[PDB]
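Reminder, nothing fancy here: chain letters follow the sequence lines and each chain counts from 1.
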Amino acid sequence: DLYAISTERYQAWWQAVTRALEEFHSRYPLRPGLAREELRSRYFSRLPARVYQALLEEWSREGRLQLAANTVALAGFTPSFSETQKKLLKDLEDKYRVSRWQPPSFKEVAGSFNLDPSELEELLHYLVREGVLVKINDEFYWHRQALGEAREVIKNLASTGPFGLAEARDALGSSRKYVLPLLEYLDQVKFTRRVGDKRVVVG
Amino acid sequence: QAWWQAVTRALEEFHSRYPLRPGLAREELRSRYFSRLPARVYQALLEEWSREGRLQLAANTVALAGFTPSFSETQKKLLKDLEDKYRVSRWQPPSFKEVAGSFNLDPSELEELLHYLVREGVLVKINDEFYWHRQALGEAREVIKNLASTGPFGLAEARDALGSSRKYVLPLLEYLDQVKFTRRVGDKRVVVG
RNA sequence: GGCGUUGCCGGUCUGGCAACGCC
RNA sequence: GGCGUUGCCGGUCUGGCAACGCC
């Protein structure tokens with residue numbers, strides 16, 4: 001049924017979430033919010049709740065909560081970035097989204113927006129925490145949506161057996177520059193695993 | 001012989017085309033002419049000609065005696081200085097950017113000079129950040145052999161054996177894994193063979 | 001408090017401990 | 001011609017090809 005709304009007025013759950021998020025936002029004003037898995041395992045762990053996600057979206061739809069890909073924020077929370085930095089975060093999200101399977105390098109991005117590495121790192125790290133970007137290595141960050149789409153492609157490729165670097169590159173219409181770091185990242189988070197000199201998809 | 005005339009021809013040809021290379025790679029001089037001739041005897045052929053003062057022999061390249069690369073006098077000095085910094089720093093070599101900063105060099109000029117030393121065999125590229133002097137790497141491989149003789153070793157134990165730090169040792173070990181000197185098994189290494 | 005750099009440690013990661021810079 | 005950069009290639013660089021800059 002996916003679950004809509006229930007009756008048990010133990011809204012002391014929402015009270016405990018507000019407390020935790022308020023506490024998190026005053027401590028971490030330059031973070032997007034509390035990790036959804038952290039809120040999961042701190043207040044809704046022992047209760048075998050698959051409805052925790054349905055609960056999150058309900059409060060979201062009420063306008064009580066901002067849901068990012070892996071962080072949750074009280075509605076009304078704004079990180080304490082400068083207005084220039086707030087605009088940059090939007091502009092970085094867009095550039096990485098549009099570039100997709102051919103993301104710009106850290107150095108290209110720093111030059112483009114005329115930022116020092118220190119500030120760029122801080123901004124990208126924010127987007128990584130939020131789940132908009134995923135760090136493949138120190139040079140390459142990928143938009144979440146782009147990465148999910150690359151993984152779908154690779155999963156279908158690997159359904160017929162181990163694949164090489166060239167075969168992944170052909171399936172993604174990409175280049176070795178982009179694909180080797182991607183595949184090394186996918187080994188690290190255990191999406192892929194090396195078999196001989198090729199890879200298969202595990203989980 | 002013969003052979004020598006073919007060699008002088010080959011090297012004069014190489015030097016005039018590549019006046020900013022240290023010389024022709026030894027295994028190219030071999031596969032090009034003395035490929036039917038075995039590995040041994042070819043070594044003795046080069047060392048014989050080197051004792052006669054006819055060839056300059058480097059770790060991986062050969063040059064006719066008298067050949068000087070067409071670097072500027074400033075660059076020639078730099079190359080001596082670079083070789084020295086790396087030799088003395090040994091198992092804690094400077095990073096590429098550290099060296100670019102201390103010698104006040106554009107990355108492309110530093111690259112040109114390190115590439116020459118790496119071609120010649122004086123330096124070995126461990127990774128983008130770290131070059132090692134040849135002698136430093138040779139001695140470190142000896143330490144690694146000693147360590148491995150008692151059994152498979154961890155990163156911490158190799159750092160102990162080199163009196164070093166993890167920052168320097170891990171890149172060394174990853175390099176030695178890529179050239180198949182060592183092999184990694186879980187969090188241990190052995191020396192292959 | 002936070003954000004970052006560096007060093008060392010522990011196989012390794014926005015990891016632990018410490019210096020420093022910044023807010 | 002070379003040196004470098006970037007791109008692409010072949011699992012990889014003591015590379016190959018192409019464009020650009022410099023000589």
Q: Nearest to the side chain of B:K167 - D:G11, C:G7, C:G11?
A: C:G7
Q: Using whole Å, what does the distance between atom P of nucleotide D:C8 and atom CG of A:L165 come to?
A: 12 Å
Q: Between D:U12 atom P and A:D197 atom CG, what is the distance in whole Å?
A: 11 Å
Q: Measuring to OP1 and OP2 of C:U12, would you say a side-chain N or O of A:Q188 lies under 4.0 angstrom away?
A: no
Q: Given the P atoms of C:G21 and C:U6, what is the spacing between them in whole Å?
A: 16 Å
Q: For the pair B:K97 and B:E111, evaluate salt bridge (charged side-chain N to carboxylate O under 4.0 Å, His left out) and give the outcome as yes or no after the intermediate values.
A: CA-CA 11 Å; B:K97 298 187 226 164; B:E111 177 61 31; over 6 Å; no
Q: Which whole-number value in Å describes the distance from A:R176 CZ to D:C9 P?
A: 7 Å
Q: Do B:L82 and B:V88 land in one hydrophobic cluster if side-chain heavy atoms of ILVMFWY residues count as linked below 4.5 Å?
A: no
Q: Of the nucleotides D:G4, C:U5, D:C3, which one has an atom closest to the side chain of B:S108?
A: D:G4
Q: Quick one: do A:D187 and A:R193 make a salt bridge, cutoff under 4.0 Å?
A: no
Q: Between B:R21 and D:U14, is there a contact of a side-chain N or O with OP1 or OP2 at under 4.0 Å?
A: no
Q: Got a salt bridge between A:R194 and A:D197, using NZ or NE/NH1/NH2 to carboxylate O under 4.0 Å?
A: no
Q: Are both defining distances between D:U5 and D:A19 under 3.5 Å, such that they form a Watson-Crick or G-U wobble pair?
A: yes
Q: What nucleotide among D:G4, C:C3, D:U12 has an atom nearest to a side-chain atom of A:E122?
A: C:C3
Q: Please measure how far the P atom in C:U5 lies from the corresponding atom in C:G16, and state the result in whole Å.
A: 15 Å
Q: With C1'-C2'-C3'-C4' as the criterion (positive north, negative south), name the sugar pucker of C:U5.
A: north
Q: Are C:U14 and C:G15 stacked bases, their six-membered ring centres under 5.5 Å apart and their planes under 30 degrees apart?
A: no
Q: Have a look at the sugar of D:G11 and report north or south, taking a positive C1'-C2'-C3'-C4' as north and a negative one as south.
A: south
Q: Atom OH of B:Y131 to atom P of D:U14: distance rounded to whole Å?
A: 9 Å
Q: Which way is the base of D:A18 turned, syn or anti, if we draw the line at 90° from 0?
A: anti
Q: Where the side chain of B:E98 meets the backbone of B:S95, is there a donor-acceptor pair that is under 3.5 Å apart?
A: yes
Q: Could you state the CZ-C1' distance from A:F81 to C:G4, rounded to the nearest angstrom?
A: 12 Å
Q: Does B:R159 place a side-chain N or O at less than 4.0 Å from the phosphate oxygens OP1/OP2 of C:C9?
A: yes
Q: Suppose you measure atom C1' in C:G2 against the same atom in C:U14; what distance do you get, rounded to whole Å?
A: 15 Å
Q: Which residue, A:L183 or B:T61, contacts RNA chain D at a nucleotide closer to its 5' end, judged by nearest heavy atom?
A: A:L183
Q: Can you check the distance between C:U12 and C:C3, where both ends of the measurement are the P atom (answer in whole Å)?
A: 23 Å
Q: Taking the nucleotide of RNA chain D with the closest heavy atom to each, which residue, A:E184 or A:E108, is nearer the 5' end?
A: A:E108
Q: For C:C20 and C:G7, measure between their P atoms and round to the nearest Å.
A: 16 Å
Q: Looking only at atom P, what distance separates C:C9 and C:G4, rounded to whole Å?
A: 24 Å
Q: Is the shortest side-chain N/O distance from B:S165 to OP1 or OP2 of C:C8 below 4.0 Å?
A: yes
Q: In the structure shown, which nucleotide is the Watson-Crick or G-U wobble counterpart of C:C8, with both distances under 3.5 Å?
A: C:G16
Q: Which is true for B:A59 with a 4.0 Å heavy-atom rule: it touches a base, it touches only sugar-phosphate, or it touches nothing?
A: nothing
Q: Pick out which of B:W49, B:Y42, B:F34 makes a ring pair (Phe, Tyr, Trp, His ring centres under 6.0 Å) with B:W3.
A: B:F34
Q: Decide, yes or no, whether a salt bridge links B:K145 with B:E142 under the criterion of side-chain N to carboxylate O below 4.0 Å.
A: yes
Q: Six-membered rings of C:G11 and C:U12: centres under 5.5 Å apart, planes under 30°?
A: no
Q: To the nearest angstrom, how far is B:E13 atom CD from D:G2 atom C1'?
A: 15 Å
Q: Give the nucleotide from the list D:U5, D:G11, C:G10 with an atom nearest to the side chain of B:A156.
A: C:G10
Q: Any strand is fair game: report the nucleotide pairing with C:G1 by Watson-Crick or G-U wobble, both distances under 3.5 Å, or none.
A: C:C23
Q: On the nucleotide D:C3, are OP1 or OP2 found under 4.0 Å from the side-chain N or O atoms that B:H115 carries?
A: no
Q: Between D:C8, D:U5, C:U12, spot the one nearest the side chain of B:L170, thanks.
A: C:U12
Q: Which way does the sugar of D:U14 pucker, north or south, judged by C1'-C2'-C3'-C4'?
A: south
Q: Testing B:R87, B:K85, B:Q92 for side chain to side chain donor-acceptor pair (under 3.5 Å) with B:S89, which one passes?
A: B:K85
Q: I'd like the P distance from D:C13 over to D:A18, given in whole Å.
A: 23 Å
Q: What's B:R134 touching, base or sugar-phosphate or nothing? Going by heavy atoms closer than 4.0 Å.
A: nothing
Q: Is A:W101 reaching over with its side chain to a backbone N or O of A:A146, donor-acceptor style, under 3.5 angstrom?
A: yes
Q: Taking atom P of D:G10 as reference, at what distance in whole Å does atom CD of A:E167 sit?
A: 11 Å
Q: Does B:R119 put a side-chain nitrogen or oxygen below 4.0 Å from OP1 or OP2 of D:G15?
A: yes
Q: Starting at the 5' end of RNA chain C and moving along, which residue's nearest nucleotide shows up first, B:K188 or A:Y126?
A: A:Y126
Q: Assign A:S105 to base, sugar-phosphate, or nothing according to its heavy-atom contacts below 4.0 angstrom with the strands shown.
A: nothing
Q: Between B:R17 and D:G2, does any side-chain N or O lie under 4.0 Å from OP1 or OP2?
A: yes
Q: Within this structure, what is the CG-to-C1' distance between B:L114 and D:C13, rounded to whole angstrom?
A: 15 Å
